[PDB]
Protein chains: 4
Amino acid sequence: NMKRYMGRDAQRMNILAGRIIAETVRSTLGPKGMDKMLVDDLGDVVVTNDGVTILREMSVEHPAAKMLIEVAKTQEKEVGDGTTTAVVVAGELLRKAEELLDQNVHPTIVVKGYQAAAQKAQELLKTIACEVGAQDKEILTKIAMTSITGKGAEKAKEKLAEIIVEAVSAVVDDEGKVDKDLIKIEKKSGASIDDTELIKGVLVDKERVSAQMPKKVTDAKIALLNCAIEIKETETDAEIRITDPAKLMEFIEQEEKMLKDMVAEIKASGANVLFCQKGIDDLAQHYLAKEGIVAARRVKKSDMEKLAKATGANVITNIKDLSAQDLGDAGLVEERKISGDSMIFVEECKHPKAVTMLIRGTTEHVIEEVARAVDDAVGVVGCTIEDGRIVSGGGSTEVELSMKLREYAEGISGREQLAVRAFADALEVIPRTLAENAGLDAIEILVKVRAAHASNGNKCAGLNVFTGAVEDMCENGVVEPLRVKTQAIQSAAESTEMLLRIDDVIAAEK
Amino acid sequence: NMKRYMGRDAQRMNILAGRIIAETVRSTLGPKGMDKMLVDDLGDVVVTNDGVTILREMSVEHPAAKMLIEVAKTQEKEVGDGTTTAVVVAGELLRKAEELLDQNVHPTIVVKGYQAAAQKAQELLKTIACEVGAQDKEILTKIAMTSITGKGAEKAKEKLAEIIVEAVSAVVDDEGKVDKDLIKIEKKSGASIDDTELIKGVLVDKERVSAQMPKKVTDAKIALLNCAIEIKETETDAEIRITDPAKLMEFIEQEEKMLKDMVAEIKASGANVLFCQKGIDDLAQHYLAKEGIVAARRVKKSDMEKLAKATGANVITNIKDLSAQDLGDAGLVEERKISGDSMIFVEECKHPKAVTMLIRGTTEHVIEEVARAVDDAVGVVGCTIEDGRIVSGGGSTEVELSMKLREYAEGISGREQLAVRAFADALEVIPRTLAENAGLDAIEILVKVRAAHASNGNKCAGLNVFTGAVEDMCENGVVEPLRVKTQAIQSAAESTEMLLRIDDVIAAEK
Amino acid sequence: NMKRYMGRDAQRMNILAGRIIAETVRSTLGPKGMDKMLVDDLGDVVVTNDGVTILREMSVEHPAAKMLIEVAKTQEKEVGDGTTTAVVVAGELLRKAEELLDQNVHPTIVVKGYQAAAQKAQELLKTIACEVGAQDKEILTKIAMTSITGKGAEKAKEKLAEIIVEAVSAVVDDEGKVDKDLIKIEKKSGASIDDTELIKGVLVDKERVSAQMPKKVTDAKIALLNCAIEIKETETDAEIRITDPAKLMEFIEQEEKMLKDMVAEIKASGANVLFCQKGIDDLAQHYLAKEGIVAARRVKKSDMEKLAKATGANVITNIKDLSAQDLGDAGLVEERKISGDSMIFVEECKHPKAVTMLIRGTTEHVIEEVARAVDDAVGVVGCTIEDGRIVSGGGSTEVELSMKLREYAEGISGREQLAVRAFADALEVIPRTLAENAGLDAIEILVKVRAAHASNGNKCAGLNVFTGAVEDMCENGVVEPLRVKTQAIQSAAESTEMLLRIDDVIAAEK
Amino acid sequence: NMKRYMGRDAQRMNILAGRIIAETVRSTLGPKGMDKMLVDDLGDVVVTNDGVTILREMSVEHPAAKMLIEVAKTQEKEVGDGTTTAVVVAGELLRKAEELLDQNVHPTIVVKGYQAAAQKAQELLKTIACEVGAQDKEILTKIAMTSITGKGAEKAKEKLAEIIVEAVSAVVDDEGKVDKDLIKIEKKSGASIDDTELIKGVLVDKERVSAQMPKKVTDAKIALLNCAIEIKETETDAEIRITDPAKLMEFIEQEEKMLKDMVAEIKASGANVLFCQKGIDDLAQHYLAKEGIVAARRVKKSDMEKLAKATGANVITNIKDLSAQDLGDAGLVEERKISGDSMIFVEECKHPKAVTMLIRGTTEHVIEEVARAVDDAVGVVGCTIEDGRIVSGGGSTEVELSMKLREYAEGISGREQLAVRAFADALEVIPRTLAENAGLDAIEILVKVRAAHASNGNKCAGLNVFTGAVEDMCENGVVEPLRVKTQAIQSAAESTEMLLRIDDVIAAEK
């Protein structure tokens, strides 16, 4: 019952099917891209702009499509959004090989061509790289503004870019390995995007441990405890053997003394706020309250980590080693209710190594996609400070790229010319698809812009989709990180190279 | 319902079916070989070039095909890639026997012939053996370059061969038993092949045990512990019987003292990095951190083994025997995140007995097959230093081999001549299949190259598939280990010999 | 639904069905015999030459066939291979009785005849017995060379016979009860038969217990321990009741002391190699390593037994009784990897009472059947030294046997003549079937060889299947143990005798 | 359950499916074309080279494919073979529109382009027309030799072309409407093609009506009767009322007299051979035999028609009007058995207006396809004398056609350029597909031949598939009727034009 594909059969399936996946998602590309609604088997509803979410959620059957998950997953780790860009070009590359395969051009020649094209593209990528001010926050923000496109919340790119770039600039480390996961994205539905804000510290989704404890403490002295605040029990099994009535109270009171004195030791640190990863004994809560100590229980480990990054406090295992010099600082620690939801807010931190962006919004889908938009911008900004070099975006540079690729094809010649020239031909699909999704005549845009664009020193001329005509991309600030174009485009092809080597598909049906 | 085959019936099935398996995989052979896509019953997708993976993953039904698994499995242990070479010749040997069997040539005569052919081939194998510089790394690398063919990452054979041969030369032992499993292949998807590199030490896929511990230590003092760092519990069952309140704290504190002092003993070794195969008590982490000790927990035993090979450190069971002289060394021990994945890197080791090659790449399939390519090259290089003798490859030598096999057939005569001559005839299928898969007229190549090749002292003349014409294989460096051709070809036949003795197949259907 | 057979009905079934089993396996007989492929219900594949394997694996339905399992099973215990010989004759004996039964010859007369034939055959067996040098190893080897026929690895009978006969001569005991199970056959797929070898000692399929222990020790001092090397626990239930904190360390250290001192006692024996049938405590490994003791854990009991036979070491239960005089010796004990498989080799033993033959080969089937071939040769050689008397083989002697059986029939006369003469007629089927399977005219061979063979003193004239003509079997060394022909042939008939008494078959269907 | 296609959906289906039909039949094109085996639902076997047979016999499901039946059916009526030529180009035209449709080029623009291309092609067709001798039989035969290609009986084109062209030249009428159905193709399996021959007259598959009649008559006097030779019965119902015994014989004898005298009247015409479309009374046979009249009964109407064309005899209804001047002539009328099959042969006719080609051959398939080959040649020869103008064939002229089509595209410009240039691009697929089916590098042939072909006055340069290289088509006589290229190519596109207008497919499942 399972189908078996060899040679041309496998080619027809792999090419058409992967192309069909691309044909499905091609509409999502860029400022003019639209969105998709995916509902799973259990009936749960997801609204997405994200290609990876689309691929990982859609019930993908053909292996060749499943390959795109691997590529897009890597694209997520490096560049974030715009993966549609790579997919669409690959779809054309599949079509371009189909045409050459119909001529019976040897598959290894096509791949040989793409390898040479990758090497030549690397040179071209280094050539198009525009050096920019590595520390200029405002221009960096301008890049972030372009980064915030292809979602409906770019109307507020003003505040949004400010928060996102500020957050990244805050976490800048000597070494580029800066992990954007050190910037927390906190989601809370309710209200609208207008209430979104930057917290120079951390928001903890927990409740005040005891109702009687202070609700707000300004210059807090933060302690981090990962141990439970209870009567400690040994690892070795042990049992009390009582032989006299008074012992009943002596041992009960001993546990009272161990807890109480342990709390006195907590108090002896000077701590005024204490975060516990595990639980807190009811009586512990009582004494801590009487000691004026504000407590948070069962704090999620990753939150414990961000607390350390914000306050400077170190997680202590043994209270006996806990001293005042182990305490961290926060300009304000306060218990807050947002949309009536009790949470513990760590704000105004002195020298936070991590920060948290609070996102507000009308629905779960709103806050999911806005939060996703923030992660996306944050990734590309991170790359932008990681290599202070950019290129114009919007499909404009790919014209200049194909421009000289055609020259290489002419200098190479023969059948290899076909493979490289076809690559170049596919490289132009990006502006072509943008134009079509923008509702414009793509032939008009490509011909006319290509004519203007080529012109030796007219590099930045691209398409303005708002006025629907050729325009200088530079002054409008339509640019992209060098890294995003670099890794996405080159890898897009290099992964296809393996698919092109496939001449036999033997697949069982699940 | 089960089918039963005897005599000719069994012959027709065994010959056709095994031939069909060969017909399926024949396309995968050599520099011009293509790839296959296999998807299992659960829908999981595998992309492979490897014959053994193909046979062990494919749902093989006919026993005769299952036999090839046994041969290919041995081929893997000795020679690695190129198993297609043996399979294809065997397929022709099956066809050649079919023709002779249609004449009713006695099966034992065919086998008798192949036995004589194996013995004569051994003499011929010793004759074609070219002695080469046993320690010449660069020429060895040139061999490795040929070894890296039949995969799409040979574009980077420059760096790749350098790492692979360097790694093997590093682990050279007085005795040839050098086990290439002493060279670790570490896979990490992300980025592209470009980032692949040689680690003169070991990469450990674990996280820093305590967040507060040093993240980087240059000249580290490595200790290897296989015991858990916890309060030790006896093998004999034991229970504490408490009769006084103060005992509760005395025993709790006793465990604190046993742990703490045990840690002091760890500190007394001078160790600055400690690897634990089992777990580490939370409080242990605290004290070790305060002692400035960098710790790794739950370290995989095989990683513990490579750590010993890299640092010189010995795995200690009893801390009481742990002393500074038991410590090993590493030029750098550092906590790193790659693609945002926390790992512990042991680099720049002084005199590493094992090394680790880090492979980067765009997809899981990329890193699987590149890693497989590395294992393959490593095996054939190992054989190459194991016997410093080589032969030309590419099907060229097999012409010279059949050349004199024909002379033997003429000196032997009779019906035995048919068996030996048929063997020789089958021996030429290799260049023949390469030619066909290369898109060329195989008769043209065989006739014309055979004419040139024979010519007494024109041994190295083989086929250049890039220009598609006869060429001197020597100057182009198209060569293979003596061992690979030796074991693969001789065994290929010797296994068939048993199949030829089969005159009755009685098989139940699963 | 079950079928019921009486009288002639049962005769027709029993005779035809058992004959059909014989007709199936008759092709496997002798130097010219072929092989069979049996695949079970689970799809597992077995390749065999062995009749017992064929019968015990085949799904046998008819009871009469199941009877042959009992006979062949006994044949295995006494003579090993050649069981086809007995089966085929019995098949003819069934046919010969059918002819006589069609005349209504009384069943008890047929059996009465076979009883007399067994008695007369015993006299004839004693008469044909050729006395040979009981201790001549080389001629014994020549017998072993004939023993190695009917498998495809007789090409290497040179080395193979040398190892097999040497191994038997090594284990010769004053008493003939020598059990060939005292010679171990060790199988390792990989490489080819060429690497097969004799180990004057034992190969143990286990790993070095601690990585730090010596990997090779020449003149080893072997100790055999069947007890686990751990803190000993009493048979009586016991529990420690701790009342003071210091006890925690006192009891932990007590176990450290019991283990450590126990190891000191091990060291006090002088032992340098220790085999443990059970497990070894992790700390025990540490101390033993520090003491320079090479250890093997979880050693299979039968391996413990062969170790005793090789080294002279005695298995000790109580270490307290272990002394240096209990230690055994081995010329070399070494940790080896074969095909990358860690194993512990006990070689060069001084006065080994057992030896181990290492078999190499390309597939599992190779090593199974080669190992089976070794067991077979070993059994018939054992019989050959057990009674230093032989006869010519190849069906030649059975002519001389029938020759005088015909004389007995003539001296007996009457209906009894028919039974005995028919037995004699069946006795000639062996050379007849060999001839047919050899592709020759069986009537030509039987008539012509019978004419020459009879001739008073021309006993050794038999068939040379290689040149396909009559030849003196003696000079070509085509001979068999007296025992094999004796037990196999006589019993073959004596078991049939019971089947002939069956006049009623009432069998339920499973 | 039925599927519904709109817009792109319908485009993808129509384009792919029709292309797939083309991909199936493309292999059948030209001298190097191969054949197909089609077996219907009832199991009957058809072997064909003919596209129309392929389409009308294959179970075609998609309407777009069914459209090709309409085109090919017309192609059959005008040009006969080579329909694959049109189909393949259309398949590329579908692919070329797919590429333009993927750019969203307006469908009417594509069609507008093809309309202009048809008009320009008409001019180009008139331009390439080579005027040739209208009555030169031998050169005409040379054209017929090319016409006989793409079937395996062209080995005998010598005799075959001679018969076919002679037959056409024989039936030449002042007016071109000459219907080739006036040349009968008579099939008789048996013997081989060698016995094929031209009959200047007609072969009738009927038996001699009376065994006693002459078996052979040289200068026969032919009469054609379409009425039955029986006692005539009135249209009006009538009954005889007998009142006297003698009347019984009077009326019986009256019928004897009416028949007999009617026969005398037949004899009075002088006729010596008589063909009856209906039956012949038994007694009529008797008298006609006695009168020396050779008779054929139940003659098929179409055979009656060819008899008139051969002899000049006119079909008579009323014998009373039959006179000697109504008789036709034949040089020989004879009863013959071929392969033992009695038939009536009308040969050596004086001035035959129709002729019959007798085809012999080994199988039914042989005579079906050879007969089909004869019909095909006859059609294209007919066209060739219908307009005494030809062009080179073999894909050579289509290069020159596209050559100037490219010039038109350049002189037209804009988006219309794309449509026309794409047409031109598709026009080259013919030599491209020939090259591929010829086993050659199509890019090599197209590039190299295009380079030579273009060259102003180098028109006739095409591909010689026998030597596999460029060659002057003229001297080798590789030419085609002006009509065949004209009607086939232009119509091929004009039919596609309608398919391109399809934007909605609503199809029920049968």
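For the structure, see preceding data.
How each quantity is defined
- Sequence positions in this view are assigned from 1 along each chain in the order the sequence is written. Entry numbering can differ, and residues without coordinates are absent from the display.
- Naming scheme: in the order in which they are written, chains are lettered from A and ligands are numbered from 1.
- Any value mentioned applies to the visible chains, which represent part of a larger assembly rather than the whole.
- Where side-chain values are given, they derive from all heavy atoms of the structure, hydrogens and water being excluded.
- Nonpolar side chains (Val, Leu, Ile, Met, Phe, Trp, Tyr) are joined into patches within 5 Å and like charges within 9 Å, using only residues with over 30% relative accessible area and no salt bridge.
- All accessible-area figures derive from a Shrake-Rupley calculation using a 1.4 Å probe, and residue coverage is judged against the displayed protein chains alone.
- One side-chain nitrogen of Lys or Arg within 4 Å of one carboxyl oxygen of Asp or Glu is enough to make a salt bridge.
- Under the scheme used here, helices are H or I runs from DSSP no shorter than 4 residues and strands are E runs no shorter than 2 residues, and both carry numbers assigned from the N terminus.
- Pairing between two strands is assigned when DSSP locates at least 2 bridges connecting them.
- Axis definition: a line fitted to C-alpha atoms, limited for helices to the stretch in contact. Angles are taken between N-to-C directions and run from 0 to 180 degrees.
- The aromatic pairing rule takes the rings of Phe, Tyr and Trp, using the six-membered ring of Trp, and pairs them if the centres are within 6.5 Å, calling planes under 30 degrees apart stacked, those over 60 edge-to-face and the rest tilted.
- Summary of the burial criterion: residues with accessible area below 20% of their type's maximum are buried, those above 50% are exposed, and those between are partly exposed, where the area comes from a 1.4 Å probe applied to protein chains only.
- We count a charge as sitting over a ring when the NZ of a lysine or the CZ of an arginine lies within 6 Å of the ring centre and within 35 degrees of the ring normal.
- Copies share a common frame after least-squares superposition on their C-alpha atoms.
- Residue contacts are counted whenever heavy atoms from the two residues lie within 4.5 Å of one another.
- Accessible area that two parts lose when put together, evaluated with a 1.4 Å probe and summed over both, is termed the buried area.
- For this analysis, a polar contact is any N or O atom pair within 3.5 Å, provided that within protein one partner can donate a hydrogen and the other can accept it, and provided that sequence-adjacent residues contribute only side-chain to side-chain pairs.
- Expected helix span is taken as 1.5 Å per residue step, with the number of steps being one fewer than the number of residues.
- Comment on the angle field: the value is read as roughly parallel under 35 degrees, roughly antiparallel over 145, roughly perpendicular from 65 to 115, and oblique elsewhere.
- Only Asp, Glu, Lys and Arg are considered charged, only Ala, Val, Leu, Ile, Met, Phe, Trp, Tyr, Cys and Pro nonpolar, and every remaining residue, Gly among them, polar.
- Take the far helix as your reference; a near helix turned counterclockwise from it by less than a right angle gives a left-handed crossing, and one turned clockwise gives a right-handed crossing.

(A) Spatial organisation of a nonpolar patch on the surface. A contiguous nonpolar patch, built from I240, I242, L248 and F251 of chain D and spanning about 360 Å² of accessible area, is present on the exposed surface. Among the structural elements, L248 of chain D can be located in helix α8 (residues 246-269).

(B) Molecular detail of the sheet that holds strand β5 (residues 183-187) of chain A. All names here are of chain A. The mixed open sheet is built from three strands, whose spatial order is β5-β17-β6. Whereas interior strands pair on both sides, the edge strands pair on one side only; in this sheet they are β5 and β6 (197-199). Averaged over all adjacent pairs, the angle separating strand axes in this sheet is 25 degrees, with direction ignored. Pairing geometry for β6 and strand β17 (residues 355-359), over three bridges, is antiparallel. Paired with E197 across the two strands is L358, which belongs to β17.

(C) The arrangement of the packing of aromatic side chains in detail. Residue and element names in this part refer to chain A. Enumeration according to the criterion identifies four aromatic pairs over all chains in this entry. Geometrically, the ring pair formed by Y114 and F423 is tilted, given 5.6 Å between the ring centres and 55 degrees between the ring planes. Placement of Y114 in helix α5 (residues 107-128) and of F423 in helix α13 (residues 414-427) is noted, with a sequence separation of 309 residues between them. According to the relative accessible area criterion, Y114 is buried, its value standing at 1%. Residue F423 is classed as buried on the basis of its relative accessible area of 6%. Lying across the ring of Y408, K120 places its NZ or CZ 4.9 Å from the centre.

(D) Focus on the relation of the copies chain A and chain B. Taken as rigid bodies, chain A and chain B are interconverted by a rotation of 45 degrees and an axial shift of 0.0 Å, the fit giving an RMSD of 0.0 Å. A share of only 7% of the interface residues of chain A reappears at the interface of chain B, consistent with the copies meeting through non-equivalent patches.

(E) Here's a closer look at the interface of chain A and chain D. With 18 residues of chain A in contact, the opposing surface of chain D contributes 18 residues. When chain A packs against chain D, close to 1,600 Å² is buried across both sides, 44% of that on carbon and sulfur atoms. Across the contact surface, chain A and chain D share 10 salt bridges. Among the ionic pairs, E99 of chain D bridges to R95 of chain A, the shortest N-O distance being 2.8 Å. Along the contact surface separating chain A from chain D lie 10 residue pairs in polar contact.

(F) Up close: helix α11 (residues 364-386) of chain B. Residues and elements named next belong to chain B. Between its first and last C-alpha, α11 extends 32 Å over 23 residues, near the 33 Å set by a 1.5 Å rise per residue. With 17 of 23 residues buried, α11 is to be regarded as a mostly interior element. The backbone nitrogen of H365 lies 3.2 Å from a side-chain oxygen of the residue at the head of α11, namely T363.

(G) Looking closely at the packing of helix α12 (residues 396-412) of chain A against α13 of chain A. Residue and element names in this part refer to chain A. Where α12 contacts α13, the axes come no closer than 8 Å and their chain directions differ by 175 degrees. Here α12 lies roughly antiparallel to α13, going by the angle between them. Contacts between α12 and α13 involve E398, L401, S402, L405, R406, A409 and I412 on the former and, on the latter, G414, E416, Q417, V420, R421, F423, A424, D425 and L427. Its residues placed into classes, the contact of α12 with α13 shows eight nonpolar, three polar and five charged.

(H) Spatial organisation of the relation of the copies chain A and chain D. Mapping chain A onto chain D calls for a screw motion: a turn of 180 degrees about the axis and a shift of 0.0 Å along it, with 0.0 Å RMSD after fitting. Viewed as a symmetry operation, the transformation between the two copies matches a two-fold axis. By residue overlap, the copies meet face to face through one surface: 100% of the interface positions of chain A are interface positions in chain D.

(I) Main features of the packing of helix α6 (residues 137-147) of chain C against helix α11 (residues 364-386) of chain C. Residues and elements named next belong to chain C. Where α6 contacts α11, the axes come no closer than 10 Å and their chain directions differ by 145 degrees. Two packed elements cross with a definite hand, and for α6 against α11 that hand is right-handed. Where α6 abuts α11, its residues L140, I143, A144 and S147 lie against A377, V380, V381, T384 and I385. Looking at the contact of α6 with α11 residue by residue, the class counts come to seven nonpolar, two polar and no charged.

(J) Spotlight on the pairing of strand β19 (residues 461-464) of chain C. Residue and element names in this part refer to chain C. The pairing of β19 with strand β20 (residues 469-472) spans four bridges and is classified as antiparallel. By the bridge assignment for β20, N464 is matched with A469. In this structure, the hairpin formed by β19 and β20 is closed by a connection of four residues, where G468 is found at a positive phi of approximately 65 degrees.

(K) Structural context of the arrangement of the chains. With no contact between them, chain B and chain D keep their nearest C-alpha atoms 10 Å apart. At no point do chain C and chain D touch; the closest pair of C-alpha atoms across them sits 38 Å apart.

(L) Main features of the sheet that holds strand β1 (residues 4-6) of chain B. Read from one edge to the other, the open sheet built from four strands follows the order β1(B)-β22(B)-β2(C)-β3(C), with strand pairing classed as mixed. Both outer strands of the open sheet, β1 of chain B together with β3 (45-48) of chain C, are each paired with one neighbouring strand and no more. The average undirected angle you get between the axes of adjacent strands in this sheet is 15 degrees. Set on the sheet, helix α1 (residues 8-25) of chain B makes contact with β1 and β22 (502-507) of chain B; between it and β1 of chain B the angle comes to about 105 degrees.

(M) Just the pairing of strand β18 (residues 389-392) of chain C, in detail. All names here are of chain C. Sheet topology places strand β4 (residues 130-131) next to β18; two bridges connect them, and they run antiparallel. Residue pairing across strands places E131 opposite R389, the latter belonging to β18. Pairing geometry for β18 and strand β21 (residues 479-481), over three bridges, is antiparallel. The partner of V391 across the bridge, within β21, is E480.

(N) Structural context of the side chain of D326 of chain C. As for its position among the elements, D326 of chain C is in the loop between β13 (315-316) and β14 (328-330). In this view, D326 of chain C contacts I222, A313, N314, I316 and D321 of chain C; residues no more than four positions away in its chain are not counted.

(O) Structural detail: helix α8 (residues 246-269) of chain C. Compared with an ideal rise of 1.5 Å per residue, which puts 24 residues at 34 Å, α8 of chain C spans 34 Å between its outermost C-alpha atoms and is within 8% of the ideal. If you check which residues of α8 of chain C are buried, you get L248, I252, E255, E256, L259, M262, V263, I266 and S269 of chain C. Tucked into the core, α8 of chain C has its buried residues touching β10 (238-242) and α8 (246-269) of chain B together with β10 (240-242), β11 (273-276) and α9 (282-290) of chain C. The positive-phi residue at the C-terminal boundary of α8 of chain C is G270 of chain C, with phi of around 95 degrees.

(P) Layout of the pattern of salt bridges. Throughout the structure, instances matching the rule amount to 164 salt bridges over all chains. Residues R19 of chain D and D102 of chain A are paired through a salt bridge, measuring 3.2 Å at the closest nitrogen-oxygen approach. Linking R19 of chain D in helix α1 (residues 8-25) with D102 of chain A in helix α4 (residues 83-102), this pair reaches from one chain into another.

(Q) View of the interface of chain A and chain B. Tallying the contact residues gives 58 residues for chain A and 59 residues for chain B. Between chain A and chain B, roughly 5,300 Å² of surface is buried when both sides are summed, and carbon and sulfur atoms account for 53% of that area. On inspection of chain A and its partner chain B, the count reaches nine salt bridges. In this structure, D35 of chain B engages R501 of chain A in a salt bridge whose closest nitrogen and oxygen atoms are separated by 2.8 Å. If you look at where chain A meets chain B, you find 25 residue pairs in polar contact. The set of elements that each furnish at least two residues to the side of chain A that touches chain B consists of α3 (63-78), α5, β10 (238-240), α8 (246-269), β13 (315-316), α17 (482-500) and β22 (502-507) of chain A. Counting residues per element, the side of chain A that touches chain B draws most heavily on α17 of chain A, at nine residues. Here the side of chain A that touches chain B is composed, by residue class, of 18 nonpolar, 14 polar and 26 charged.

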